[PDB]
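Undergrad: From the sequence below, what's the structure:
(chains A, B, C, D and E)
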Amino acid sequence: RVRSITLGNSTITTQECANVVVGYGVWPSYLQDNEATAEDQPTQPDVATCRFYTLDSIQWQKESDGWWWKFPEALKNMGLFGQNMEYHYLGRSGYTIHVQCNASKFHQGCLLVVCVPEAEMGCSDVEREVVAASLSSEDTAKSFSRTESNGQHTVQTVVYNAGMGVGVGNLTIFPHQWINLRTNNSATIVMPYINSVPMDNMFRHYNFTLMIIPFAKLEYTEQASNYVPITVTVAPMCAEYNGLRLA
Amino acid sequence: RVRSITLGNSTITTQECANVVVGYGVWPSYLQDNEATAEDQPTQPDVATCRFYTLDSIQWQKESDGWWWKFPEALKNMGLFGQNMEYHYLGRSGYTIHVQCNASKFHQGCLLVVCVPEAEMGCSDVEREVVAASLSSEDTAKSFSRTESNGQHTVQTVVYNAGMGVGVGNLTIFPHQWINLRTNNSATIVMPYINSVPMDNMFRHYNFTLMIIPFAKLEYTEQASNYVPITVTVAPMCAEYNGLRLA
Amino acid sequence: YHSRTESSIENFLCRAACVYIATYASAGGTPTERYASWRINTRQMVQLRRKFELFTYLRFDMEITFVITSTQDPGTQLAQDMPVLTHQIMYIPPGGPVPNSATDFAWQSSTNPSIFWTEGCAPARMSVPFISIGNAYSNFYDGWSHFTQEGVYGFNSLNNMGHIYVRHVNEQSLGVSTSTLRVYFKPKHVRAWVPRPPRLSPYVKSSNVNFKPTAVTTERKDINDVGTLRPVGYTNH
Amino acid sequence: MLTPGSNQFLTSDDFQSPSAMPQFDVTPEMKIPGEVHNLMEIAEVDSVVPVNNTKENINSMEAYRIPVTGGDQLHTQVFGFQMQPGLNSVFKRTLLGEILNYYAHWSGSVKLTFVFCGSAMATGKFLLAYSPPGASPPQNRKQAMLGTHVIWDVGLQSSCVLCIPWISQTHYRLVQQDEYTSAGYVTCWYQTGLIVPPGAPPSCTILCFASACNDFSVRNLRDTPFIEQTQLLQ
Amino acid sequence: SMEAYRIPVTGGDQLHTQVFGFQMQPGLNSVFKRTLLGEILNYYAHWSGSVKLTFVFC
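TA: Numbering: from 1, shown residues only, chains lettered A, B, ... in the order given. Shown next is the structure:
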């Protein structure tokens, strides 16, 4: 029934038998000798990068709308991964996203968890431009909004347009999963490295965006927990960085 | 899933697949020809002694503290076992203790069930001595206390000292089991005969003591059952008694 | 993966312990001051009691060593030259006659092994085997003496070990000669059964298991209060 | 090199000793009949038991003779006693009891023989009833019949043997024990009367013998209580 | 009291607060010196090994 996973020898996690979605059909892997536009052979840190990094839990309530995290920025302050981000210049890594809810049999709702590659976002004032502080915090979820935003340098946050200007109903085209509290309680997404160049800077490029959006609102009875906690866990897979030594 | 047991052809019991604790590693058995300090060959009553004797249910509440039964005194009035206790002089028997709770998925708590051999108990007044009426009733549970007892001939009943003068947290050293309502609902303990002589009088010697102690208090919601019933069942195993006939 | 040989029952329980210190005179006085008596038990020295009451049943042989030291007594008519002092040590098995005075008949009983010891030699030693009716000694006994469920509670008659009685063989005409006895007790070939949780409350009675309620541990400042802290320094910058 | 128990005199020690008279040749032993190898041989011998010790017969030969009267005794009791050798006043002075008194612990089974000293022309029946240690003595004949009993006919047979067994919680009884009404009882009842032809005496006698069975054990030798004086003779 | 053993987990909304914390020194720390392990270790002047912890959610 239950299964335990031990990555990095320092992290323990528990899961039940559930369907897993492997990205675009491919599995994360190291860089072969076929593709390269550089010289120094990449160093391959795996002792500490490959471990479960559990982010803070969030509260799903009746009037909540959704959240998004920008990756790889979400792991800027997360242990040795942040140190490798700071010390090196080029980088490549795939991820494994676990999302778990904790709701009884008396709650109800329906969530969509997607992984949008290159999710460029618009601005509230169509004339101005966004800034780096409004796009994403370090490791804190950025909330969507029910109504129209009116800031100057703030990302438009109407939920049904998803900030990208497209219908929210068609987001299923990307790697995704449905968490229906009636049947399911967890989701797993394995995302490889997707870009037009083999390596890129971690602080410059946002590889992708993780969005959690409820389509069916949360409902319950008076004598019940007012919220449902959502826990997100990330474990980098097949990380690479450039070389710092002379040829 | 479920299993039915029929002992003595007069008793029926139902259990689910659960772990069983076999005493100190040994299984109850008859007396061999190796060990003896008497002459007359023991008679072996098994037709009616080996049957389930269900004791009365008790109520686990929010402010309850714990209970203990003295064995073999607890089966003094229980059918043919009591008759064999009265009619004979020497005796030997092991037991099988079943403890079952009835709580829904909305209750919570944690119980410890132990079997302490030779659980000599102190007195409330350190100068006086205990009497036989305060140690144990016939087949009614004797309750522990949250605060300090002040009687003259009464056993000290502070729960965290267990009446024996030792820390209650270290009672796990004896044969024991945990009944956590979150996962478990029942416990089974098979206790052999433990003494320094092959046979002894039933009315003189208290073979052991069964203690049920809650470490995590019972909690629930307003519209729920105010208590949880606990049922204890005893079935003697391999009973022996002396012989009443001339050589 | 280092050794455990020091934690075995033999290496844990076979340490000699001083379990009795007494004194007795060699001349006129109250008769009870002219001999020393001791009933063999393990319930009077709290340090040894706490070690034996980790197990419910025990089986061992006794080794007893007696250290006897004598000195002259101040007064009048001091002895100018005394030859030597001789001491008699008698072990009384359970059920044997027990002296009620010095110079009694029980001192000359043929069923009581005795040691006659002269000053100046090595300390006297004896060894008693496992002398009991049952198959083990029991530190804890839950039950009564009679089957009427009445009598002395917690007393078992199957773990009697006898008595030890010491007196002066010599008859002294000039002066008094006080003497001091120390008893050293040691178990051998120890076997233990059914371990028990060690005691928390202090002892109050040698015969009973009575106690006062005691806190389960020592107090702490807070639940998340780790022990103390360190000041800023060269490492901590 | 010198242990604490090196230079003492323990009265129950077994060491060899120097011979006071070496170079002396002792007389060779002959074959005297009747050698004793164990005290149990002195206990497996039947000895007459003084059942009728009623303070008028202790200083007489009437102690041993159990009286059986004729006439018409409806269902009255002939005799009765308790099975506790060594401590009961009846048994403590026989061979078995006096051997047992030397030992603090003892256990085994006791054999009883009853012999009818009466005319060869006398006919009757008796009922011998035995009650277990935890019970009460029968009060009338019907209660005795419902227990463990044997009907002894003095016309067909002259002697009746009865082997009282040993069922005890421990494995060793004690002479100095306070265990009354926990030792067992043996009683004899008038199943019918004693019938004689014209010319025979109407009253008879029963003699009782008690002895040891095959299995006994004795432990912890100690001084007997029968001897009292500690004075030395002359 | 019996509340010594129960580590309290409160609901509501605790952002990132600490549930409990202690130091790993059996035999000398006030927490461990009175358990079976600490009380066995207290008899010996020298000791060493690895300590196993189990947490159960009631």
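Undergrad: contacts, neighbours, all on C-alpha from now
TA: Noted.
Undergrad: can you map out the strands along chain D?
TA: D:47-48, D:66-68, D:77-82, D:103-117, D:125-131, D:148-153, D:159-164, D:173-174, D:185-189, D:204-221 (DSSP state E).
Undergrad: Does anything pack onto the last one? Which helices or strands?
TA: Taking 3 or more CA pairs under 8 Å, 6 or more residues apart in numbering or on different chains; DSSP states H and E as contact, the helices and strands that strand D:204-221 lies on are strand D:47-48, strand D:66-68, helix D:95-100, strand D:103-117.
Undergrad: Repeat the analysis, applying 10 Å as the threshold.
TA: helix D:40-43, strand D:47-48, strand D:66-68, helix D:95-100, strand D:103-117, strand D:159-164, strand D:173-174 (3 or more CA pairs under 10 Å, 6 or more residues apart in numbering or on different chains; DSSP states H and E).
Undergrad: do the same with the third one
TA: The contact analysis (3+ CA pairs under 10 Å, 6+ apart) places strand D:77-82 against strand D:66-68, strand D:125-131, strand D:185-189.
Undergrad: Of the ones you listed, which is nearest residue B:78?
TA: With CA to CA as the criterion, residue B:78 lies closest to strand D:125-131 of the helices and strands packed on strand D:77-82, at 26.8 Å.
Undergrad: Within the sheet, what are the partner strands of that closest one, with directions?
TA: strand D:148-153 (antiparallel), strand D:185-189 (antiparallel) (DSSP bridges).
Undergrad: Report the angle between it and strand D:159-164.
TA: 10 degrees (axes from the mean of the first three to the mean of the last three CA atoms, to 10 degrees).
Undergrad: Report the inter-axis angle for strand D:125-131 versus strand D:77-82.
TA: 20 degrees.
Undergrad: Most tightly packed of the helices and strands packed on strand D:204-221?
TA: helix D:95-100 (a mean of 22; mean count of other CA atoms under 10 Å in any protein chain shown).
Undergrad: Now do that helix: everything it contacts.
TA: D:39-40, D:42-49, D:84-94, D:106-107, D:110, D:174-175, D:210-212, D:217-219, D:221, D:224-226 (CA atoms under 10 Å, 6 or more residues apart in numbering or on different chains).
Undergrad: same thing but 6 Å
TA: Contacts to helix D:95-100, defined as CA atoms under 6 Å, 6 or more residues apart in numbering or on different chains, come from residues D:43, D:85, D:86, D:91.
Undergrad: again, but for stretch D:112-121
TA: D:158, D:159, D:160, D:161, D:162, D:204, D:205, D:206, D:207, D:208, D:209, D:210.
Undergrad: helix/strand/coil for residue A:133?
TA: Here residue A:133 is helix, with the state taken from DSSP: H, G, I helix; E, B strand; the rest coil.
Undergrad: burial count for it?
TA: 10 (other CA atoms under 10 Å in any protein chain shown).
Undergrad: Up against chain B, what does chain A have?
TA: Residues of chain A found near chain B (CA under 6 Å from any CA of the partner chain): none.
Undergrad: Mind jotting down where the helices sit in chain A?
TA: A:79-87, A:132-135 (DSSP state H).
Undergrad: Out of those helices, indicate the one that is most buried.
TA: Note that of those, helix A:79-87 is the most buried (mean count of other CA under 10 Å), with a mean of 15.
Undergrad: quick check, distance from that one to the centre of its chain.
TA: 18 Å (CA atoms, centre = their mean, to the nearest Å).
Undergrad: Quick one: residues in contact with it.
TA: With CA under 6 Å, 6+ apart as the criterion, helix A:79-87 contacts A:49, A:76.
Undergrad: Please export the C-alpha coordinates of stretch A:180-194 as PDB.
TA: Taking Å, rounded to 0.1, in the frame of the first residue of the first chain, the C-alpha atoms of stretch A:180-194 are listed here in PDB:
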ATOM      1  CA  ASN A 180     -10.000  15.400  -7.000                       C
ATOM      2  CA  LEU A 181     -10.500  15.000  -3.200                       C
ATOM      3  CA  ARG A 182     -13.300  12.500  -3.800                       C
ATOM      4  CA  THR A 183     -10.800  10.000  -5.300                       C
ATOM      5  CA  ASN A 184      -7.300  11.300  -5.500                       C
ATOM      6  CA  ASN A 185      -5.100  12.900  -2.800                       C
ATOM      7  CA  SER A 186      -1.700  13.500  -4.500                       C
ATOM      8  CA  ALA A 187       0.000  14.200  -7.800                       C
ATOM      9  CA  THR A 188       3.500  13.700  -9.200                       C
ATOM     10  CA  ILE A 189       5.100  15.300 -12.200                       C
ATOM     11  CA  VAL A 190       8.500  14.500 -13.600                       C
ATOM     12  CA  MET A 191       9.800  17.500 -15.600                       C
ATOM     13  CA  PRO A 192      12.900  17.300 -17.800                       C
ATOM     14  CA  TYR A 193      15.000  20.200 -18.900                       C
ATOM     15  CA  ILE A 194      13.300  22.100 -21.800                       C
END
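Undergrad: Can you mark which positions in that stretch are buried?
TA: Buried residues in stretch A:180-194, counting neighbours by 16 or more other CA atoms under 10 Å in any protein chain shown, are found at A:180, A:181, A:185, A:186, A:187, A:188, A:189, A:190, A:191, A:192, A:193.
Undergrad: Check those against residue C:226 and report the nearest one.
TA: residue A:186 (36.3 Å).
Undergrad: For the closest one, give me its contacts.
TA: A:99, A:100.
Undergrad: where does it sit relative to residue A:224, distance-wise?
TA: 21 Å (CA to CA, to the nearest Å).
Undergrad: next one: residue C:166
TA: Taking CA to CA, one finds residue C:166 at 80 Å from residue A:224.
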